[PDB]
């Protein structure tokens, strides 16, 4: 069956249109999660190259970055019982669940250190959550299945791989964090023939 890359091309174009109306963070997340919902509902477009689990670390595959680094679209792929560290973003983010099962535990900086702010959010294909400095920026995403891999498409208000942000230890101390990317090549979504 032929890969429907047009889905990703159309998402990027729509998200470009959105950010050229110079909107506020409240409106970007509200309309953005609608567009990301439309993308991750169908699992027939992500090239197999950017769905591959590594057995040592979770993989971060860049799919597209805006010319002006306004935004970026990244495929995160967790192998069985893998996890991100506790981390912030320092920009608006949208996590769209695509394949498998993973949980997102939100965190807050308290006196004692890190305190989990709420119950682990349980994501199934199609579900879209948000993160930002304004609404709650610290979390930990991890694969719920112990045998299957899990994939989600993340969208950020920057080139997320180059952002100077932080991971957090139990006592609540920051360490500098630049995530980078797992791929040396992006997919060509622009050949409409």
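Positions refer to the first chain, counted from 1.
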>> Per the record, averaged over C-alpha atoms, which has the higher B-factor: 24-32 or 59-67?
In response: 24-32
> In terms of the chain's CA B-factor thirds, is residue 134 lowest, middle or highest?
Replying inline: highest
> Ranked by Cα temperature factor within the chain, is residue 96 in the lowest third, the middle third or the highest third?
Replying inline: lowest
>> Please place residue 37 in the lowest, middle or highest third of its chain according to the CA B-factor in the PDB entry.
In response: middle
> In terms of the chain's CA B-factor thirds, is residue 115 lowest, middle or highest?
Replying inline: highest
> Taking the entry's C-alpha B-factors for this chain, is residue 151 in the lowest, middle or highest third?
Replying inline: lowest
